[PDB]
Amino acid sequence: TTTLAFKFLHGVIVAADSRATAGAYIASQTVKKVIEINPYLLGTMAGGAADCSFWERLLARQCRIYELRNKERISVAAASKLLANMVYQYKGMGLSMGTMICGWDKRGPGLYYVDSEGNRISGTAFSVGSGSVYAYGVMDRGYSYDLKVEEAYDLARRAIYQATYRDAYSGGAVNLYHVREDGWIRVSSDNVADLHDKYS
Amino acid sequence: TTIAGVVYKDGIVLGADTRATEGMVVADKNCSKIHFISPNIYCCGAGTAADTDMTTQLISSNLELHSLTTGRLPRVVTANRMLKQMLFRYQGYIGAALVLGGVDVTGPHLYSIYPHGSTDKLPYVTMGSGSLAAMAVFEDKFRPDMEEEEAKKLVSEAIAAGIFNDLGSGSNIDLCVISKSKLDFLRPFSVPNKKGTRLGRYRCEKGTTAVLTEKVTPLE
Amino acid sequence: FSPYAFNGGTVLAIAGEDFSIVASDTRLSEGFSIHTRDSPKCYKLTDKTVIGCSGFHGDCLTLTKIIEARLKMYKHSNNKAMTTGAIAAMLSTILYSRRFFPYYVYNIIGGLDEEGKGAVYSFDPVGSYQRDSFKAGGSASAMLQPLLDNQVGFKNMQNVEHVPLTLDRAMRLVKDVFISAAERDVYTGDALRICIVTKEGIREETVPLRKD
Amino acid sequence: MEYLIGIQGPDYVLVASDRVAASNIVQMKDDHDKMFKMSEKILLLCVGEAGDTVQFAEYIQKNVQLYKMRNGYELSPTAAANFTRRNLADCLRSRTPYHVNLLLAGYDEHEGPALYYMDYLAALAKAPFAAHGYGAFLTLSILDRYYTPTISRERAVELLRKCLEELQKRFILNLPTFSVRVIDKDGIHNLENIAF
Amino acid sequence: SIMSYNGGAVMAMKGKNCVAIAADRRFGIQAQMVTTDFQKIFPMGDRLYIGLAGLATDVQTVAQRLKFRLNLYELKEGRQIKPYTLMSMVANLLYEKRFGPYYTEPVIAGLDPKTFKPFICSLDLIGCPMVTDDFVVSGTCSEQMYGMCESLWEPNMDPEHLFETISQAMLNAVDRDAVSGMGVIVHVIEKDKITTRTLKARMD
Amino acid sequence: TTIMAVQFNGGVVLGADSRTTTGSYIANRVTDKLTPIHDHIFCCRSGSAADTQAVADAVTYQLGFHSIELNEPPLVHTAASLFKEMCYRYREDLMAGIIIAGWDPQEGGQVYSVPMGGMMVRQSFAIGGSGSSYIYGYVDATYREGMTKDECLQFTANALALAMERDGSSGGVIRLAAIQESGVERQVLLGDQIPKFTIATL
Amino acid sequence: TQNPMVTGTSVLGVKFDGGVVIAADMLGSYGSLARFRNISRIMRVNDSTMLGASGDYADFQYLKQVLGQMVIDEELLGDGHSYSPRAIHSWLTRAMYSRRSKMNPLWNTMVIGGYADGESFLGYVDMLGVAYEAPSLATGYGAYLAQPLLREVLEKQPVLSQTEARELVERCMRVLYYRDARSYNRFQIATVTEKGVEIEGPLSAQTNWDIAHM
Amino acid sequence: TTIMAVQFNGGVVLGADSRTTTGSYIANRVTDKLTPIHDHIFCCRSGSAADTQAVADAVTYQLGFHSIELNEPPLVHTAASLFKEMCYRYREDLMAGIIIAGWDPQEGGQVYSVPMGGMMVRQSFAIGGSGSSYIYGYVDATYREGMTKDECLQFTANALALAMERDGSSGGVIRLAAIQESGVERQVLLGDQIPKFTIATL
Amino acid sequence: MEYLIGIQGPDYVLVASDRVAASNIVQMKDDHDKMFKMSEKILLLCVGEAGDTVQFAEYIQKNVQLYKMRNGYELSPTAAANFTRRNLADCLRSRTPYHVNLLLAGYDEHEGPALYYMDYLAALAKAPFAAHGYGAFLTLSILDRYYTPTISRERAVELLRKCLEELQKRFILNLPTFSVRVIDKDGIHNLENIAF
Amino acid sequence: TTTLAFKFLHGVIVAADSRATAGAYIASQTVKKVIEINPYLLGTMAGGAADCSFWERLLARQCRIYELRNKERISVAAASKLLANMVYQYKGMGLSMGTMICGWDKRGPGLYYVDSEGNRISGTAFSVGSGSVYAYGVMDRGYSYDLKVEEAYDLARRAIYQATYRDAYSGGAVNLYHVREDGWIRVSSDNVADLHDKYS
């Protein structure tokens, strides 16, 4: 798994692969690693499939209840804190989940990284998964805060594609998202094989 | 693996399954478990396949040398002695459970050799993963001094019991009838398992595979 | 003392335009012995939902009873039968309830959706699931999957018509892959039970496989 | 490993810490804050286990803020350092022990500046200067040789630079930026970040 | 597992009057790919090839030691080695390290030097030969290769038909395996020519 | 496994069970645990089937070569000394409890016990194997001095039978042997011949 | 329990035309020693049900007393509703599985034989909670030594008569005595038909030792 | 430890050793392993001294309270049922093999064996403890039905003595007990009274 | 962890490595050389176990020098890479196995530039570019995205800087200086050390 | 143990402590951690007392034999290589020794660090022992290549004194040496208690 997210001048760009692996056998090549918490909030998954899926779904339920009680949407900082407090109770039990909570609230575009270990840090460019080390290299080498929307898409796409080329547990298709003031939008979903013929 | 052998009225009848598995997957569907030691002596093999093959290849090669020197027909005790002395010296590291059976000047002899080096001389033996199933058939139907056809029937039933009850056994049933005047190697003697016929044809048509590079090298 | 046991088995699911197929072998084993040659791994949930369970037979039986009870409770409080998607969602949470002492079962739910189209949901022991076109689980899951990707999804094929999968053609494929799986997988054999799910109820079939 | 350092002067206490948040072999963050404001003149520096530090540091912060809310006045540096030692010591033999190493810096109007050192086993010790982490082994002797009780604020910062410079030339870990703060009678001041 | 450390997969298929041998090209340590053109199939004669899957270091070692013995064998008794004789030579070589063996499972494919009769076999790490009349696989995705081979293989296949069958078999088998892939090379051995082509495979 | 050897005036009486098991499965139910070392020297075997067979083979090879060079019938104590040497020398590997018993012209009928460690002790009667634990109190209360050859045969059969009924590793048939100046008298006690003892019922 | 103490061996079970027959030796073993040689491992649940158990004998006695009290409670109501063999088999499965989920299993492998509404029932319930039905069952060492013989006879003759099943069960006991080191030569035989449950024995098998000489 | 209980017409005969050891050291050489549960109900104890003493105490407290409420002499089977319940319920902790034996007006003299697991089986005679392994073959060949009260006392003493001589954990003196409709007859067999059996000499 | 990197161009092969020699938590050296000259146009980069690298690297060096001494000509890059793979593979199952990861760079007059990658299990692989260590995970994707077979010598050095710059901003380890060399037809040239 | 050595413009300065410890009990406070291989060669010891003492003595014997055979003294590079090859044969056996070989040969002042692990590096400033981390700080902060002889003595002395103040397994007296062109000379041997009253 390879998930990456970076916030430039026009919101947050979220990309990920779609490969699921059970040991050395490829279980799936079309898995969804991005969770649509709500219209303005996104969540990425990496590590334990069942873990991520379940706690992100529980987070979504809490966010929905939060909005009904106070008649307002939850912030990215508050949402990530909820997820951090949630998984902290089972710390050391074996939970395996690395997620990136992205959105746009009152403080602008927000990007937070939360894992099962207990970490909850805010930043501008993150990468989770086994292929995250490879994505970092490509991302950082072409990352700029003034990057144009089209340029930001190509960067994220290329970063994920290079990670699937080196990491054995990464592959499939690159699903891309774009978080804006009006909400997130599904940018594209290109297969890695089709990207290979375009980058070569 | 299901190997078995019995001592009938005038000879030895060996038998075994033909399936070879690597873990819990069938690697070989038509494997040969009955090995040739000499013209009058044969050996069935269970346990480690690589060990059984190399061990029987050595003993048979040693008996051939011995038979050339003395100029006489090899004995089953000689083969039994060579195998047990070798297996005991490897302290069970050469996992080779064999069912040795042949016919010499002292009549038909059936032996069961275990990996550590112990041997038994019985009228009927069974070995392998499905040895208990074959033994059950031998414990309920074996009669002393049976006819050639009756021994072939009992041995076939024993091998079949292990084939349909043990997951490590399968495929066909090979037999080996050894007497003072002949040696019939029946491979196979029975094909109780048949693969279902394909309901469709997925024949790959020419041009279905995309090729990047191709090179042709003519020969002489 | 170990609370788990591998009883073998292999469930196959295939989604169509107006149908759904859930097939599996009927052999139940333990170690290297055969318990029974007549043990279907397909369970009829509703009139358009069928579930296939392979793995620890002990967990298969308990999980199957829990699901059945949950479907009845949902109908009592909502006055309607549970849909395939709802059952898949509910099963996900049931599997995650025992996250620290999980069920050793490979679930596959194959039925019809609200639009009458074939729906197939594959599951993971702890609850992770997703909808797919076809899916294979169990001891021969890695033997059948590749063939389905090729024959159903037309992967690695160039000039090909990509003809829609029909019930007739799907039936042939299912029987063919199980025949090949019985030759290599030692846990698959005896018989093959096929459950066809269309708009006119669920139909059941039975094909004999290798006995050894 | 994270790095903490505190230096107490005549009427001020200078503290600093690394700004790196690392996962496995990569620096996920280069501007991470390890200092927690407990009150107007109290700073809590916390390092250690992944989720333990923030979880423990925020619990102590909330209680110290609550104290002022219902009482009117703030907890003193000494009282705050004892309150946090008690809490940490109560979880030691409990079900969920906090693996956190920390430094408590503050300034009392009647007691002056104060620097507290607390390890993960909850042993409170007052000191003129202290450090935490693997980089404390390479900088404690530098402080020992140059620290004097009447050290000025300008000289304290110069002394801190020497220690931080030692880490750049001797430590195997990469700690490029450092957060520098100072607490005195006026309160907590944010000094320029020392980078290399 | 030691055998899945580098990954890889080799295949061999029997046709009418020809044989085919294929293998993946990926070379990598654990989950990291190093190169995408690692040789796994080695020519042991004009119409005799051997595929080797398993530990990369042992693959090269066994391939180099086999050539050493084969070269001496051909010089001693001036004649090309027969397919079946090469299988015995390899088995002997593998069984020599009975207790602490090489971690590679070879696959032999070729035609006899005087009758051109297709021959395919596969041995285990300790040298247990196994001749078949259809196909033989070896590697991390052996379970996937069996499934593809069992349902696609047909008796008496011509060179063109044989190539397509082994291509689809390997292609679909390595796509379901994480540590195998990065390209497929196929060798179709005929009586007067050896066709070698690289396939258009996934690179993830 | 249950082996027993008793001595009388003429010579000795050996007896054993015939069960060879591997866990809970009987591999051989008609095993011959009484091996002849020489014309009048036998040995009961217990412990590991491959260990005791290799040790008995070696001793038999050495004792026969030694008997040919000396041109004399080997002494029973010499056969016990050869077993003892091998069992002590390789005491870490071998897992064998041998009872050596026989007759020679210099000392008559002698029974030597050579247990697992490799020590060697002469007794008027000895019992070994896993099933011997159940019959220690019976051979203590039942054995008397001055028993005849026929009385030793009955006493041995009675003891082996009692052990076979209680031990899971013992069973099958009873193989007795009588060694004297004359020669050996081998005999098997099958199913109904095996001495029976009623079971306490309510 | 975690460590089984006194245990019994395999239990045979076969269905015939109008009933089920179950056999089991009367021996409780303590390791490799045959301690208690006269204990019954087969019980009568009710008029149509009977149960056989292998493994820990102390766990079988607890189950026998719990099951027995259930039948009494059900018969005390007198409402024309009695437990069927399938309902007893179902209850056992749930009980075995519940105990295995708490990591405190009842070390037993049961065989349930019954006859209700003109249909013979033969169920199997192991310690892990693995349950299934079959024409012929065999637990412990019977699965490797008796099952092969029983299955061979039910392949040619799916439907057997009382006499055929009874004599086929005696051939299995004879083989068990020959090859199982944890078995006894004194067994019991329970039969269930429309007339009810009938426990016969202590019986013995006729062995042959002609191979000792040859 | 070696305990034994045999039943006859009138009632039963209990007997045991008196050795309490800790490794190779005898902590108590005159231990009384025969505990009275009620007027005619006794119990032999083997296994763990603290486990069996706590279990025997509990049963004695319950049986006496139960006997007072019922206003009747407790049955021997009820005492066995109370021991069985405790030994099964706490089978993971307790390490006790109890033999319950006594006499009641409804069933006469009964012996119940309650071994380590917590099962409960009625026998005509029972033996437990570590030393019981050596006397299985002797009690099988020596016990006959129709023994009198005096014959059971001799048979029990003979068996315990044979086990004490072979077992390292058994020894001391033999404590017998005869329970009847009358009452209890306790008696000790010291040094010379202990039945002797000659040792095979050469 | 040590860092190695090689880049093969049209008619040259560029190599680089860190100059840190670390013990426990301190950098004992900041100018350590990890490159061993095998011949006039052959460079051996070795990293791994404490005494294993030098011990193994010097053995191979002595034998390659001996070869030229008695033969007149030098071993080619391919022959030298096979000779060292054989040696390393012969110790794998031996009593004293060498735990060394290495890169072999050289330039043959008829074969052109060559770059070899060899892991600790002795698996030889030819490549256009390769890297060793924990920093190879953060720089292999950078090479993948920018490397082209016709890359010039000036562009190769620029590409190398990007990789080295990535380590300064993402690696947890401190690797400030790097040794940079280049092998072509003229031989081995010592390029300016890249420091930060 | 705390040993340090640095080579400035006037040769090499070698200092060390004198404490031996057997667990938590102080075995000695006067142990010699510097070995005089010959008139122009010095060797420091740290780790296993018996190990260092024995192999350094074996090294001295080899150096003496080397000088008799070639009628010339061995270089610092050659001497350290001999010690590195010596202890490499027992690699992994448990040998524990960290030594600093200092001297003055044809290439000027030479300082090499050699341990049992297999390391053999040349440098300008080293520090071995459990108190070596503390010595590094003080040494590096006042180390200059143009340092005067008197200044070099005070630096080395202060560095060791601060290490004994922090490290529990360091103490005693500071023994100082000075390697020159004419050979090494025993500079001083001041007790740590006397240095404490001078530095305060």
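A, B, C, D, E, F, G, H, I and J are the chain letters, set down in written order, and residue numbers restart from 1 in every chain.
Definition applied: contacts are C-beta pairs under 8 Å (C-beta built on N, C-alpha and C of every residue); 3 or more make two chains touch, one makes a residue touch a chain.
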Considering only mean CA positions as chain centres, point out the chain farthest from subunit E. H
A-E or B-C, whichever has more C-beta pairs in contact: B-C
Centroid of subunit E to centroid of subunit G, CA atoms only: how many Å? 53
Distance from the CA centroid of subunit B to that of subunit H, rounded to the nearest Å? 57
Between subunit J and subunit E, distance of the C-alpha-averaged centres to the nearest whole Å: 59
Using mean CA coordinates as chain centres, what's the subunit I-subunit J distance in Å? 33
Please set out, as single numbers or ranges, the residues of subunit G touching at least two other chains. 2, 33, 144, 147, 178-179, 211
Check each residue of subunit E and list the ones that touch at least two other chains. 32, 141, 143-144, 146, 151, 168, 171, 175-176
Where in subunit D do residues touch two or more of the other chains? 25-26, 137-138, 169-170
Chain pairs that touch, all of them, please. A-C, A-D, A-E, A-I, B-C, B-E, B-F, B-G, C-E, C-G, D-I, D-J, E-I, F-G, F-H, G-H, I-J
Residue ranges of subunit J in contact with subunit I within the complex: 84, 88, 91, 113, 115, 117-121, 123, 126, 132-133, 136
Complex interface listing, subunit B residues touching subunit G: 122-123, 132-133, 135-137, 139-140, 144, 157, 161-162, 164-165
Could you list, by residue number, the parts of subunit G that touch subunit F in their complex? 29, 31-34, 37-38, 141, 178-182, 207-209, 211-213
What part of subunit I is in contact with subunit D in the complex they form? 20, 22, 25-27, 30, 134, 137-138, 168-174
Using the touch rule from the top, collect the residues of subunit A that touch subunit C in their complex. 20, 22, 25, 27-28, 30-32, 48-51, 53-54, 93-94
